[PDB]
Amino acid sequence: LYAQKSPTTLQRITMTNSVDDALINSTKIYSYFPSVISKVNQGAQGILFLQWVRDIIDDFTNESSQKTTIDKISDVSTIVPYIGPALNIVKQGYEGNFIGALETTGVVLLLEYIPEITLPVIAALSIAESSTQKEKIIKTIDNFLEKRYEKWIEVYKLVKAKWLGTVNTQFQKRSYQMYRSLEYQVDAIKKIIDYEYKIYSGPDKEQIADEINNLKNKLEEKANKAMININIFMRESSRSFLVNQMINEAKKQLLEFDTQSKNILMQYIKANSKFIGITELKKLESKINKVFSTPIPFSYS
């Protein structure tokens, strides 16, 4: 996790890649940008103070702007890999390899709590009609197939609503956690630079005060650009999990609902084939077979 709060004591605080090191020691701030850790801890080369600040900003920029993708997760355009270390999301056997952990686990790795996404078996529809009038039989069939359609629409809404309430919320939390993590980094680096500027006494000290006073603006500009990548990553990851993992589970139960419902309907028709002409039956058979062979695609609002 974000290891608490940068000390207000105005001492020489350094950066660490150990979360434990940061919890125990007040003068140590957890960070997940290695080139920043090195630059900040190393300190300035001689009186080249201005170049030290400028390096910290460049390295902060290169580190926080990093992004990649995974071909098999075709609907996530933006993956920000340092989220793993920022949020202490680690997978056993993938230490230092968040991106490889994500290739094998999937976006589900990002969630604090894996949710259960299996669905109950979806009971086949039934048919009550005992009349033998032809028009009441055709309508009974036409209602059946309309009820069959709705079942797909209903189960989809149900999975989308579970997702909105228990899965999407976890991803959005991750955004807000990264937002606080990145503000923390920006404040820690600002506190270190200011401390070192106070001690600095080089001949350009007055000249460079404007640029050093622009540090927080500059770093927040970079954090905001990283947050744009990160929110896109969380948005695309959340939707990917809904549209694949959670809805594949619905599609699985509904295809089985379909085989059972078709069989219920086939038997109803056969029992009432006295009352319908060979000509009409040739058409219902193939209408039914094609309605049940074309599955209902997922969509939501």
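Quick note: we count residues from 1 along the sequence shown, nothing fancier.
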Inset, instruction - Using the B-factors recorded in the PDB entry, average over the C-alpha atoms of 242-250 and of 271-279, then report which stretch comes out higher. - result: 271-279
Inset, instruction - Decide which of the stretches 128-136 and 173-181 has the higher mean C-alpha B-factor, going by the entry. - result: 128-136
Inset, instruction - In terms of CA temperature factor as recorded, identify the highest of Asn168, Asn143, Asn229, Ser74. - result: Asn143
Legend entry - Maximum C-alpha temperature factor, selected from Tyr156, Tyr94, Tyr82, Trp163: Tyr94
Inset, instruction - Rank-wise, by C-alpha B-factor, drop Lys205 into the lowest, middle or highest third of its chain. - result: middle
Inset, instruction - Would you check the entry's CA temperature factor for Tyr195 and let me know if it's in the chain's lowest, middle or highest third? - result: middle
Inset, instruction - Would you mind ranking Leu48 by its C-alpha B-factor against the rest of the chain and naming the third, lowest, middle or highest? - result: lowest
Inset, instruction - Please place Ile29 in the lowest, middle or highest third of its chain by C-alpha B factor as given in the entry. - result: highest
Inset, instruction - Rank-wise, by C-alpha B-factor, drop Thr78 into the lowest, middle or highest third of its chain. - result: lowest
